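Both blocks below hold the same protein chain, though in two forms, and each is given as structure tokens: structure 1 and structure 2.
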Structure 1
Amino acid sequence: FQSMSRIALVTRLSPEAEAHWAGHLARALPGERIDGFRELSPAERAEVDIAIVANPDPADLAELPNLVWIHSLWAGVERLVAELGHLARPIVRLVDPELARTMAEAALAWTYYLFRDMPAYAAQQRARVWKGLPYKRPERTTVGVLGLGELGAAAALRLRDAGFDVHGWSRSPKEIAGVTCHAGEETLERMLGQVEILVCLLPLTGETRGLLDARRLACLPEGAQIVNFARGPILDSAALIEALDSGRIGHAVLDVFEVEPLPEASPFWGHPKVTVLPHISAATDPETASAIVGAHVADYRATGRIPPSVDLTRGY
């Protein structure tokens, strides 16, 4: 008798949302024994080699003594790094072509919202004002993308194909057809000097927290507009409000915030130059994500291969 391995589903989602996930995972991984952490006895916990996680309680993972690796269901991993790094087990984030497709679409959709003056036209409508605003071509309009990763590079390609003059920024050098790529801290402020619409798709780390502070925001040309699809703490909220109120930044589309759901007292809900979205730019698709987890687990069972994991020292 040699106990076979099992999988713990470890989340702090609602019971309904966790059940939805369970069904999708069970269908994608039909040969596997997958159970909610709370359903396992102490002896069953010792049989777990893989945890599938969604905002897991880190104390639960510490009670899986033979855990080998961890699969998250989200692209962002800053809290996993902070809370689970000490267990020294590989953390596999979600990398999914469908997530990339969806985010790249979002990036273009909300770049268009800003570019085509949709907020100004909405304000005019409320005022019963009929007034056409001047148009300038995308080829004359510089769009900057911060982050050229699974999501950021995909976004730069959609924005390129829409005809924008696209500049991208990342930590290490990239080559992206039809996109001007910049790398390193040393080139950021120069890049920003040129950017009329700025899209943020960075991960949150010690190095990106507060990147878009008063100084960096002041690098943007007058009337520049910003889209934050990354994490709230990358963009200094106080500095953003000052820049909006001084007329130096024209508008901000914010999908991510320090506290979610955004508290009712936030000035962002009522600011005339802010568009609030409830963290929906690129929602995980449970079908495609489950099939990816499924393939990763199958490959592990077949060959011992653990998928690419987060470098803790890098932080993403």
Structure 2
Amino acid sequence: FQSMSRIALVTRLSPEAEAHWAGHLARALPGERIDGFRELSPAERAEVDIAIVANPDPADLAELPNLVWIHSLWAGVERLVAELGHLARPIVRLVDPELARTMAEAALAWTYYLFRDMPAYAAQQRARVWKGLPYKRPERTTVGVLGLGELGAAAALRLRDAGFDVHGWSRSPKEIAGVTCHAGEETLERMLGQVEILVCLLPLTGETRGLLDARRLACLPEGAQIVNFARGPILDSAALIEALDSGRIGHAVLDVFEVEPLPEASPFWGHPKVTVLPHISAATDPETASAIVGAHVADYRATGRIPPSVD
């Protein structure tokens, strides 16, 4: 017999979440043989040359000999490259050309969530309290964006077009029309000082790890609200909790955490001033994500060319 090729879907998602993906991937890649890792026998595993993954268990990936390369379903594979660099199979991240748009949407939707007092109304609804809160217009409301790369800039422009008084910070100079742009660590504290809602869209490096520490959080106005779409380590967890408790920070929408899935024992889950999101601000719709995986897979079947991978 001619030996046969196949694809394993290796995740640690809920079974219904994995099955949702399987269905979409099957649509995008008809004829490929795609199975949940759990469904494959040892013979079938030895046939697998491509793994499509979402937070896979390394133990499962190690049970696939003859594996050639990996396609993540996620955009952020930093967790994965560290966890699995050692398997010496290229890792391909899911790069979606519409990420900036979708992240800018999310910045706006969650700024509105805070601006329009949705959390407070939800809390009051649970206590059966009817109580309208003071409204002021966006134009008298200062919104800060940390990070002015492709995502931060897109986000700032959506916020601007919504009518907010938008301030931007970056390490280098940036000029974005209708947005007051601040440059360098020197101007950061003056920028934080004026901002009622802060949206974080910074990349994680040496110079940004712990950038939002106890000191810097204290620079924000009393009651300021924060949205973290960046990475966990940009923000000092324990310092955020103390600032929340004391009232310095009014509310925090958190999408990114040092450990993900966020462990059950994190105090963030229960915290009254915290909204926890499971790393979805910028997610691709699975139809689009699947079609991109599909195209990459199809190109490898045609050319033997592994797509551009990560270090």
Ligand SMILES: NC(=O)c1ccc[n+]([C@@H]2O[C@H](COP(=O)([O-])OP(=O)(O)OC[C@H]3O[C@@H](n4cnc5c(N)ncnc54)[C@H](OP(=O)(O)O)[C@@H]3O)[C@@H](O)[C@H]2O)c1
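Quick note, the numbers are simply positions in structure 1, starting from 1. The term rigid core refers to the most C-alpha atoms you can superpose between the two forms while keeping them within 1.5 Å.
- Structures 1 and 2, same chain in two forms; the form deposited without the ligand is found in structure 2.
- Superposed on the rigid core, the two forms differ between structures 1 and 2 by 2 Å or more at the C-alpha of one listed residue only; from 97, 132, 184, 206 that residue is 97.
- The interdomain rotation between structures 1 and 2, with the chain split into two rigid parts and fitted on C-alpha atoms, amounts to 33°.
- Superposed on the core, the two forms differ at residue 171, whose C-alpha moves 1.2 Å between structures 1 and 2.
- Here the rigid core is superposed, and residue 146 then shows its C-alpha moved by 0.3 angstrom between structures 1 and 2.
- A C-alpha shift of 4.0 Å is found for residue 284 between structures 1 and 2, based on superposition of the rigid core.
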